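A short worksheet on the structure shown next.
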Amino acid sequence: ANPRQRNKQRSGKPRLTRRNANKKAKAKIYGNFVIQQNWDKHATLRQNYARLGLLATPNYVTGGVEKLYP
Amino acid sequence: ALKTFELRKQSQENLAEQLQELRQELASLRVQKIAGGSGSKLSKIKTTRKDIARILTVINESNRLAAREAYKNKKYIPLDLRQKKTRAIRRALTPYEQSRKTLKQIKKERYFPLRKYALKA
Amino acid sequence: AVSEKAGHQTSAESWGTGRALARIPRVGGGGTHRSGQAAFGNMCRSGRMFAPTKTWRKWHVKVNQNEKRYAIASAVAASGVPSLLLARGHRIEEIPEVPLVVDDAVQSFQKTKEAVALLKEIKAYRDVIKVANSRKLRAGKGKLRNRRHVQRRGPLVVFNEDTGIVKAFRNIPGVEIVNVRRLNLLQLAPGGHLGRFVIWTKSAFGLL
Amino acid sequence: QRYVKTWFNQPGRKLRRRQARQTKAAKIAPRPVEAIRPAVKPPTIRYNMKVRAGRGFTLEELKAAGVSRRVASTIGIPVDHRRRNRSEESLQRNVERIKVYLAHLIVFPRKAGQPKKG
Amino acid sequence: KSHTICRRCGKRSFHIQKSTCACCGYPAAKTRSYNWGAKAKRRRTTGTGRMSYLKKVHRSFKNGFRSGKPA
Amino acid sequence: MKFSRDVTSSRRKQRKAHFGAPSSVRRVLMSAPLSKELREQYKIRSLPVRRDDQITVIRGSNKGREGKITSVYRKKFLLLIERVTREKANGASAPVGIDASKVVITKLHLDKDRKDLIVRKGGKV
RNA sequence: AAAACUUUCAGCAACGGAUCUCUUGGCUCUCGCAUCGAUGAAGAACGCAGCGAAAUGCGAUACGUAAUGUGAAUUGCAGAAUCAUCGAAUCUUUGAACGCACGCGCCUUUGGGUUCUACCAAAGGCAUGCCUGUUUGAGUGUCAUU
RNA sequence: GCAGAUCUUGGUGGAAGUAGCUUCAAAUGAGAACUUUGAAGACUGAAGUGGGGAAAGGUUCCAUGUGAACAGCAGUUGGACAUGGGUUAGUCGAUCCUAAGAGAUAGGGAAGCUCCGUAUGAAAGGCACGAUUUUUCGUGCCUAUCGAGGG
RNA sequence: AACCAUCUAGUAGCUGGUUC
RNA sequence: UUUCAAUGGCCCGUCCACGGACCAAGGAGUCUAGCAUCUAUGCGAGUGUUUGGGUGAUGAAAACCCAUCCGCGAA
RNA sequence: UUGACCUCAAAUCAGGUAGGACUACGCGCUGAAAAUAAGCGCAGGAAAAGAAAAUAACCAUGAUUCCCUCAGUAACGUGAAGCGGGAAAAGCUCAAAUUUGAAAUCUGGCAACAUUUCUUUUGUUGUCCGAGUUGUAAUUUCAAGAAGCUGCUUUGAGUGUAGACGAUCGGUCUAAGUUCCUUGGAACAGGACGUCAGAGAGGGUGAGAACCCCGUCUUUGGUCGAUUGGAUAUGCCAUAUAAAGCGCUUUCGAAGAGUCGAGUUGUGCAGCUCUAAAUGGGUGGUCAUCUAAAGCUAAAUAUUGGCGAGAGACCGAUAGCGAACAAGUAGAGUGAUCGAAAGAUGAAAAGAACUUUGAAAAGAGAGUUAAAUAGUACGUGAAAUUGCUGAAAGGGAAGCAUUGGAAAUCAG
Ligand SMILES: [Zn+2]
């Protein structure tokens with residue numbers, strides 16, 4: 001609508017298409033090599049920390065927990 | 001269509017004259033158009049008009065590379081040769097200057113840096 | 001919502017009463033086809049619409065969490081009445097029994113041939129064929145709006161753990177796979193009409 | 001009833017913050033996402049019967065617990081130069097908060113500086 | 001006549017007697033554009049011309065303003 | 001189902017992209033299938049068309065005809081094949097274009113630029 | 001009670017552009033990112049294709065040049081591409097606009113002419129406010145020198 | 001969800017075909033009351049319906065072709081469009097100057113866009129001399145700018 | 001004083017219309 | 001359906017007056033916050049998850065789960 | 001006679017920097033008929049705020065911002081804040097104390113040596129000039145701290161190599177009918193027979209295409225790059241004659257002025273008049289709490305603008321942006337400003353050869369096509385409105401209603 005965006009609508013120059021979006025942008029782990037091997041690129045960080053035996057936080061979790069089995 | 005790799009290994013005055021030649025036919029080629037010419041000659045105007053551009057590009061690349069080498073390792077070099085990123089990028093603190101710390105701040109992170117630890121469970 | 005800057009831009013005010021013309025704001029200037037023409041009112045061409053649509057409508061509706069859970073339990077129970085399944089529209093006259101449970105080895109599938117193979121053995125494949133032949137182009141403006149096609153609803157596969165069951169059953173037209181722990185109403189009661197045909201893996205049933 | 005704040009970005013703010021949590025700890029894996037906070041008493045008559053997380057452990061809490069101010073911020077124990085223990089109850093509740101922390105902590109060794117001579 | 005061609009904005013708004021264009025206020029170093037004139041802003045603002053340099057910059061940002069030659 | 005946020009399934013944006021494709025991208029939208037004997041001894045399924053390639057028209061009113069392509073008319077997504085033509089009123093012969101998906105390829109124009117591609121796309125030569 | 005004229009009905013034709021179906025456009029939401037300029041920006045004016053007036057691109061290297069990528073076109077007629085990519089360049093007159101004005105000068109170097117103490121051309125220069133430094137200074141400012 | 005809003009936008013009627021708005025011969029041309037030539041007769045009667053300029057306009061100038069839009073009629077017509085051509089300066093003007101004034105600067109106001117100020121408590125422009133003077137300059141003199149009748 | 005775009009969909013106790 | 005005869009029938013809206021040449025499309029009690037009543041649903045001395053945290057691989061702005069508080073009621 | 005300085009100049013002096021634009025969100029200032037609009041100044045990807053001259057009256061809390069709650073409460077129709085729940089968390093730097101057994105500090109010139117998004121970037125080393133004692137470094141920041149004594153525990157502003165691991169830019173690889181029968185100009189349709197599916201999203205192709213084509217899934221990945229983030233292993237240098245934490249004290253503890261504040265005036269701040277102190281001063285309820293008049297700082301937070309994406313119970317050409325099209329365009333006004341209308345031949349121009357009449361425009365034959373009831377005045381083509389044809393009625397109204405005849409037409 002703006003003249004600026006009308007310029008490249010009536011222009012012939014191709015856009016600067018930048019391909020960025022990733023559903024579930026779960027950031028992969030660097031830093032410690034031990035954890036990076038035994039990370040689960042699908043499961044969440046609070047699951048992975050509890051899987052390894054690492055306290056994700058020392059302070060109480062301000063919401064619910066995950067209970068999959070009775 | 002003069003190949004650029006052939007041109008760029010020539011000499012300066014050799015390129016200067018070929019440019020001098022390249023004006024003549026293009027000057028003559030337009031003269032035949034106003035006086036009437038054939039399709040092949042009319043198409044040849046465009047090819048020569050790019051062939052002037054190819055030679056002139058080669059001269060400048062040679063001329064500026066001479067300045068770049070002649071000015072290599074000097075404190076001040078011509079503005080047309082320096083970085084042209086952005087006025088704000090050029091006036092911002094260099095990483096060396098942003099990295100600078102007081103001697104007190106070098107003792108703090110020397111004897112007491114951030115540790116790597118782990119909470120068991 | 002329409003633009004809140006719509007109708008507001010083009011300038012005009014009332015010409016005055018007693019000139020054999022209605023008193024609408026009529027654009028000024030000259031030499032253009034637009035001049036001397038009215039706007040600002042829903043009744044004029046290129047005129048602001050009456051009560052322009054706002055974005056702070058009430059789009060989402062709060063529901064008591066308990067009646068949400070009552071609804072799921074009711075729709076799950078209706079999923080186990082064969083008669084309610086037939087009115088919902090599921091061709092399950094040859095289904096072995098209701099609720100249709102399957103072995104737990106189904107949760108580890110790896111190919112859509114296996115998925116289709118199993119469905120044919122339990123005679124639920126009459127329902128995948130129904131939702132395949134019904135595939136019709138949409139009627140109306142919906143197809144102009146990334147809603148190109150419509151079709152029916154197939155059997156609802158419910159599992160307990162995912163290891164490849166979803167990746168096998170998902171491409172079949174009509175079939176939907178849902179974890180037992182996150183049972184959804186839009187799939188236990190499409191359109192609000194009860195009794196969708198469900199298929200329970202052995203563990204998923206034991207976890208109800 | 002002029003300019004309105006409409007919350008259509010509430011579900012996307014929920015994930016933006018989840019990804020920020022994911023991005024953060026992935027940079028500092030072995031260590032927890034958050035620091036340890038003390039347990040403090042709210043400052044009122046409607047709330048003094050409850051316990052809630054503080055801002056950090058005072059100078060005396062760390063001194064008795066066995067960490068100095070400089071090495072307590074490295075291993076992730078925030079300090080609170082404002083707060084102070086007016087009674088022995090708060091001292092003991094938070095001294096033994098750091099005691100369980102220092103027991104569950106694995107401080108990895110760093111790189112030393114060894115000059116060729118003395 | 002009362003207005004001739006302004007040199008900065010090209011419109012014949014340059015009042016000879018005041019020696020100041022009504023459209024853009026030349027020769028003040030700034031440009032005349034008021035907020036109540038929102039249409040007047042859009043008629044002239046960035047984007048109604050070539051933008052030969054900003055298109056250069058926006059193109060060169062994607063790769064990080066690199067300088068040099070490919071290996 | 002496109003599980004990616006990377007690609008658009010908007011109809012509006014897919015038609016704009018098709019009809020705003022540059023020649024270096026139209027060159028891919030103009031692919032053609034390979035005939036059975038070509039397909040099995042090159043282990044490749046299709047190929048973008050190239051001038052001088054020999055094709056046979058599969059579908060249309062010119063069904064079953066063969067010929068050599070004269071020019072892959074890329075602006076309007078058409079292929080002009082030799083000795084297939086329509087007769088104008090005055091007596092001129094203006095060839096009509098067939099679409100690259102309605103023709104099959106029975107003979108290629110092998111070049112060292114094409115040979116690398118064939119082994120590039122999981123083939124053999 | 002004939003024909004015309006007027007009116008109504010039907011058929012055809014005209015006028016007109018409704019309805020329907022469409023739709024590279026709008027609007028609304030969400031998401032990601034931070035990048036203009038004295039190294040001349042935004043904007044303005046002129047100009048360029050074999051045949052272009054618009055629009056696009058571009059700057060006397062003018063619908064482009066170099067580089068890399070793809071691998072045979074362009075199309076309306078008469079190592080390609082009215083291609084992509086973009087780390088190299090070119091970027092006319094202007095514009096904060098900057099030698100002075102809206103044409104006239106000064107400064108340093110270089111060149112030309114079958115004309116050389118004349119003439120001409122060319123390239124590079126000359127805005128203001130401020131900061132660090134430099135050199136040249138001013139002062140019945142302060143003071144020293146047997 | 002429309003019969004109305006002196007409704008909006010577009011189309012369309014009646015009113016209405018209503019109100020209304022020099023002559024001869026010859027040649028060209030498919031076509032002559034409006035074209036061309038000759039022929040007579042008129043009109044303007046030098047304060048021209050004449051011939052030139054200034055601003056202004058911008059190509060309207062000229063050639064050729066056309067008769068789609070313009071033409072209160074028509075045209076074989078035009079300032080119409082189509083297609084080309086045309087303005088040559090040492091001596092003619094501008095560029096050179098100032099007038100009334102505008103007016104940057106030195107300054108001073110102003111929260112500020114800005115304002116005042118131009119002779120103003122401004123260090124505000126160069127000339128000559130000399131065996132070369134400690135091989136480090138000594139001595140002596142004088143006190144903006146735009147703007148059209150001037151050339 | 002006039003004009004221009006805004007404030008602005010300014011102000012209504014009133015006029016006119018308000019669809020099966 | 002068209003016409004004919006017999007009988008009948010003042011031009012519509014509005015408040016005489018004002019509007020109406022004809023036609024097609026457009027065109028006016030809408031969205032939203034608070035309160036009040038009524039009916040329905042869920043629960044019941046309780047009740048309300050959607051500020052947040054968890055979780056969701058298949059439409060992940062949906063669904064699903066929950067800690068501390070807090071609102072109203074319980075004098 | 002010669003020189004130190006102090007202040008002030010000049011230079012096309014060496015090197016630099018400022019201006020203008022955009023302005024959705026930021027911070028000011030000014031300000032109407034709401035601390036609003038308009039005006040003015042100024043920034044950044046965020047800005048601002050920010051490590052208490054803070055609350056509270058407790059079993060006390062502990063920078064800032066933001067959300068919920070507090071709460072339509074308190075105070076005076078306006079309209080709080082603390083506490084409470086959350087999101088995020090990170091702290092710090094100067095001035096004021098003698099380095100006095102050593103200005104330990106820094107800009108610049110030149111000379112080298114490396115490094116590089118980079119011949120474009122960035123430094124180190126030496127060396128000379130200066131800056132600076134009217135104060136540049138080290139040390140200290142009230143949470144303290146310094147100086148001693150003590151005895152335990154610690155240490156790189158390095159540089160190569162190597163591999164793993166994330167981040168970006170570009171290139172690159174991808175399953176299965178185009179098999180028969182009828183319809184049609186066209187098979188993408190109907191039926192038959194099959195396949196693929198981690199792919200049955202969407203689009204293209206002469207009509208509804210998972211299997212013709214591009215893609216989609218695989219991909220939360222293989223591959224060749226090109227730059228890079230931070231760790232790990234290992235090599236080479238290293239100023240350690242040092243620097244730092246914590247016990248202890250027979251020692252000391254500097255703390256911001258025309259500012260706080262009092263009087264008055266303009267709407268907490270500001271102007272004028274006057275003008276402080278050191279257990280002092282500020283703010284609360286004699287106690288409590290904070291320690292102003294100097295400084296910096298991520299994240300959570302805002303985002304109608306910018307660069308891109310992905311959507312939608314949205315609009316569908318009088319709608320939706322003013323603009324689906326050569327739209328801020330034609331155009332209008334001296335000017336500021338204003339500012340439109342206009343989408344669709346067909347699968348493919350195959351845009352109507354040729355003859356004939358006409359000066360031309362065109363017509364009539366033909367011809368193209370599935371179709372010219374598609375001929376560019378081009379999809380469909382309504383109503384008003386008009387022309388002809390046929391029927392009917394009409395003597396200063398018509399229109400309509402009920403009942404039947406006449407003619408027309410339909411059914412069962
Ligand atoms: Zn101007």
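Going through the structure tokens in order, the chains are called A, B, and so on, while each chain numbers its residues from 1 and the ligands are numbered from 1 in the order shown.
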Just want the residues within 8 Å of ligand 1, written as a ChimeraX atom specification, counting only C-alpha atoms (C1' of nucleotides) and all ligand atoms. /E:5-14,20-26
Can you pull out the residues contacting segment 24-26 of chain B? Cut-off 12 Å, using only C-alpha atoms (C1' of nucleotides), and skip same-chain residues under 6 positions away; I want them as a ChimeraX atom specification. /B:17-18,32-33,41-52
Please list as an MDAnalysis selection string every residue within 10 Å of residue 232 of chain K, counting only C-alpha atoms (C1' of nucleotides) and excluding residues in the same chain fewer than 3 positions away. (chainID A and resid 31:33) or (chainID K and resid 163:164)
Keeping only C-alpha atoms (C1' of nucleotides), write those residues as a PDB file, in the first residue's frame.
```pdb
ATOM      1  CA  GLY A  31      28.283 -26.175  24.755  1.00  0.00           C
ATOM      2  CA  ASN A  32      28.860 -29.444  26.600  1.00  0.00           C
ATOM      3  CA  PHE A  33      29.715 -32.420  24.408  1.00  0.00           C
TER       4      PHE A  33
ATOM      5  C1'   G K 163      38.279 -32.656  15.506  1.00  0.00           C
ATOM      6  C1'   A K 164      33.363 -32.475  17.075  1.00  0.00           C
TER       7        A K 164
END
```
Could you give me, as a PyMOL selection string, the residues within 10 Å of residue 55 of chain G, counting only C-alpha atoms (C1' of nucleotides) and dropping anything in the same chain fewer than 3 positions from it? (chain A and resi 10-12) or (chain K and resi 326)
Generate the output file for the selected residues, N, CA and C atoms (P, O5', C5', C4', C3', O3' and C1' of nucleotides), as a PDB file, in the first residue's frame.
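This is the output file again_36.pdb:
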```
ATOM      1  N   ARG A  10       5.074  -2.753  -8.503  1.00  0.00           N
ATOM      2  CA  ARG A  10       5.121  -2.331  -9.895  1.00  0.00           C
ATOM      3  C   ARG A  10       6.524  -2.390 -10.486  1.00  0.00           C
ATOM      4  N   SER A  11       7.529  -2.773  -9.699  1.00  0.00           N
ATOM      5  CA  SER A  11       8.874  -2.962 -10.219  1.00  0.00           C
ATOM      6  C   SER A  11       9.004  -4.319 -10.900  1.00  0.00           C
ATOM      7  N   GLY A  12      10.154  -4.519 -11.539  1.00  0.00           N
ATOM      8  CA  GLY A  12      10.475  -5.788 -12.154  1.00  0.00           C
ATOM      9  C   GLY A  12      11.557  -6.537 -11.403  1.00  0.00           C
TER      10      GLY A  12
ATOM     11  P     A K 326      -1.487  -2.448 -16.987  1.00  0.00           P
ATOM     12  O5'   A K 326      -0.883  -0.988 -17.160  1.00  0.00           O
ATOM     13  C5'   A K 326       0.434  -0.688 -16.716  1.00  0.00           C
ATOM     14  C4'   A K 326       0.573   0.770 -16.365  1.00  0.00           C
ATOM     15  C3'   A K 326      -0.706   1.420 -15.848  1.00  0.00           C
ATOM     16  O3'   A K 326      -0.430   2.322 -14.784  1.00  0.00           O
ATOM     17  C1'   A K 326       0.040   2.544 -17.810  1.00  0.00           C
TER      18        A K 326
END
```
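When only C-alpha atoms (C1' of nucleotides) are used to measure the gap to chain A, the shortest distance among J:7, J:58, J:49, J:68 belongs to J:68.
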Do me a favour and pick out the residues of chain A within 10 Å of chain C, using only C-alpha atoms, as a ChimeraX atom specification. /A:67-70
Output C-alpha atoms for every residue in the selection just made, as a compact mmCIF listing (two decimals), in the first residue's frame.
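Listed below is the output, again_13.txt:
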```txt
# COMPACT_ATOMS: atom_id res chain seq x y z
CA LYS A 67 1.93 -36.94 34.19
CA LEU A 68 1.67 -39.48 31.36
CA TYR A 69 1.11 -42.59 33.51
CA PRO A 70 -0.78 -43.09 36.80
```
Tell me the residues of chain B close to chain E, meaning within 9 Å using only C-alpha atoms, as a list in words.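 Listing them in order of chain and number gives residues 83, 84, 85 and 86 of chain B.
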Interface list for chain A, partner chain G, 12 Å threshold, only C-alpha atoms (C1' of nucleotides), as a VMD selection string: chain A and resid 1 4 6 to 14 16 18 to 23 25
What's the 12 Å shell around residue 117 of chain H, counting only C-alpha atoms (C1' of nucleotides), without same-chain residues fewer than 6 positions away, as a PyMOL selection string? chain H and resi 103-109
Residues of chain D that approach chain C to 12 Å or less, counting only C-alpha atoms: could you list each one with the shortest pair of atoms and its distance in Å to one decimal, rows by chain and increasing residue number, as a tab-separated table?
```
residue	atom	partner	partner_atom	distance
D:1	CA	C:56	CA	11.7
D:2	CA	C:56	CA	11.8
D:3	CA	C:56	CA	10.5
D:4	CA	C:56	CA	7.8
D:5	CA	C:56	CA	8.6
D:6	CA	C:56	CA	6.4
D:7	CA	C:56	CA	9.1
D:8	CA	C:56	CA	9.5
```
Could those residues be written to a file, using N, CA, C and O atoms, as an mmCIF file, in the first residue's frame?
```
data_model
loop_
_atom_site.group_PDB
_atom_site.id
_atom_site.type_symbol
_atom_site.label_atom_id
_atom_site.label_comp_id
_atom_site.auth_asym_id
_atom_site.auth_seq_id
_atom_site.Cartn_x
_atom_site.Cartn_y
_atom_site.Cartn_z
ATOM 1 N N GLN D 1 -12.835 4.682 25.941
ATOM 2 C CA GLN D 1 -12.714 3.400 25.257
ATOM 3 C C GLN D 1 -11.965 3.563 23.939
ATOM 4 O O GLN D 1 -12.335 2.990 22.916
ATOM 5 N N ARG D 2 -10.900 4.359 23.992
ATOM 6 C CA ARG D 2 -10.005 4.584 22.864
ATOM 7 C C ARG D 2 -9.011 3.433 22.795
ATOM 8 O O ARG D 2 -9.285 2.366 23.351
ATOM 9 N N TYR D 3 -7.871 3.638 22.123
ATOM 10 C CA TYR D 3 -6.991 2.582 21.619
ATOM 11 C C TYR D 3 -6.976 1.333 22.485
ATOM 12 O O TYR D 3 -6.765 1.416 23.695
ATOM 13 N N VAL D 4 -7.188 0.173 21.875
ATOM 14 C CA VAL D 4 -7.350 -1.071 22.611
ATOM 15 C C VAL D 4 -6.107 -1.931 22.452
ATOM 16 O O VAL D 4 -5.381 -1.849 21.455
ATOM 17 N N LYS D 5 -5.869 -2.763 23.460
ATOM 18 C CA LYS D 5 -4.827 -3.778 23.439
ATOM 19 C C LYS D 5 -5.516 -5.123 23.264
ATOM 20 O O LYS D 5 -6.254 -5.564 24.149
ATOM 21 N N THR D 6 -5.291 -5.765 22.122
ATOM 22 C CA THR D 6 -5.947 -7.020 21.786
ATOM 23 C C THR D 6 -4.907 -8.126 21.700
ATOM 24 O O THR D 6 -3.846 -7.950 21.094
ATOM 25 N N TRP D 7 -5.228 -9.275 22.294
ATOM 26 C CA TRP D 7 -4.231 -10.258 22.694
ATOM 27 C C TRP D 7 -4.089 -11.406 21.711
ATOM 28 O O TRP D 7 -3.794 -12.530 22.121
ATOM 29 N N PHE D 8 -4.261 -11.147 20.417
ATOM 30 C CA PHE D 8 -4.134 -12.211 19.430
ATOM 31 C C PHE D 8 -2.730 -12.791 19.381
ATOM 32 O O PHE D 8 -2.542 -13.890 18.851
#
```
Which residues in segment 4-199 of chain C does DSSP call alpha helix (DSSP H)? List them as JSON, numbers by chain. {"C": [65, 66, 67, 68, 69, 70, 71, 72, 73, 74, 75, 76, 77, 78, 82, 83, 84, 85, 86, 87, 88, 112, 113, 114, 115, 116, 117, 118, 119, 120, 121, 125, 126, 127, 128, 129, 130, 131, 132, 133, 165, 166, 167, 168, 169, 185, 186, 187, 188]}
Between atom CA of residue 77 of chain C and atom CA of residue 154 of chain C, measure the distance and give it in Å to one decimal.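 Those two atoms sit 18.2 Å apart.
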Up to 7 Å from chain F, what residues of chain G turn up? Count only C-alpha atoms (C1' of nucleotides) and give them as a PDB file with N, CA and C atoms (P, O5', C5', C4', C3', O3' and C1' of nucleotides), in the first residue's frame.
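Result written to result-v3.pdb:
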```pdb
ATOM      1  P     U G  24      -4.993 -14.480  -9.692  1.00  0.00           P
ATOM      2  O5'   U G  24      -4.069 -13.334  -9.089  1.00  0.00           O
ATOM      3  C5'   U G  24      -3.381 -13.523  -7.859  1.00  0.00           C
ATOM      4  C4'   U G  24      -1.982 -12.958  -7.902  1.00  0.00           C
ATOM      5  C3'   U G  24      -1.877 -11.449  -8.116  1.00  0.00           C
ATOM      6  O3'   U G  24      -0.768 -10.944  -7.380  1.00  0.00           O
ATOM      7  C1'   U G  24      -0.702 -12.569  -9.824  1.00  0.00           C
ATOM      8  P     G G  71      22.976 -27.390 -15.333  1.00  0.00           P
ATOM      9  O5'   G G  71      22.615 -27.079 -16.851  1.00  0.00           O
ATOM     10  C5'   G G  71      21.335 -26.578 -17.220  1.00  0.00           C
ATOM     11  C4'   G G  71      21.424 -25.720 -18.454  1.00  0.00           C
ATOM     12  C3'   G G  71      21.825 -26.470 -19.717  1.00  0.00           C
ATOM     13  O3'   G G  71      21.195 -25.887 -20.849  1.00  0.00           O
ATOM     14  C1'   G G  71      23.469 -24.841 -19.207  1.00  0.00           C
ATOM     15  P     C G  83      17.703 -10.539 -18.971  1.00  0.00           P
ATOM     16  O5'   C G  83      17.539 -11.935 -18.224  1.00  0.00           O
ATOM     17  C5'   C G  83      16.289 -12.312 -17.675  1.00  0.00           C
ATOM     18  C4'   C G  83      16.334 -13.688 -17.061  1.00  0.00           C
ATOM     19  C3'   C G  83      16.871 -13.778 -15.648  1.00  0.00           C
ATOM     20  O3'   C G  83      15.953 -13.346 -14.663  1.00  0.00           O
ATOM     21  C1'   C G  83      17.828 -15.486 -16.945  1.00  0.00           C
ATOM     22  P     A G  84      16.406 -12.252 -13.576  1.00  0.00           P
ATOM     23  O5'   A G  84      16.982 -13.124 -12.377  1.00  0.00           O
ATOM     24  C5'   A G  84      16.238 -14.215 -11.863  1.00  0.00           C
ATOM     25  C4'   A G  84      17.133 -15.317 -11.359  1.00  0.00           C
ATOM     26  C3'   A G  84      18.089 -14.947 -10.243  1.00  0.00           C
ATOM     27  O3'   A G  84      17.465 -14.886  -8.975  1.00  0.00           O
ATOM     28  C1'   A G  84      19.241 -16.200 -11.868  1.00  0.00           C
TER      29        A G  84
END
```
For atom CA of residue 89 of chain D and atom CA of residue 31 of chain D, the interatomic separation in Å (one decimal):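 Between atom CA of residue 89 of chain D and atom CA of residue 31 of chain D the gap is 29.6 Å.
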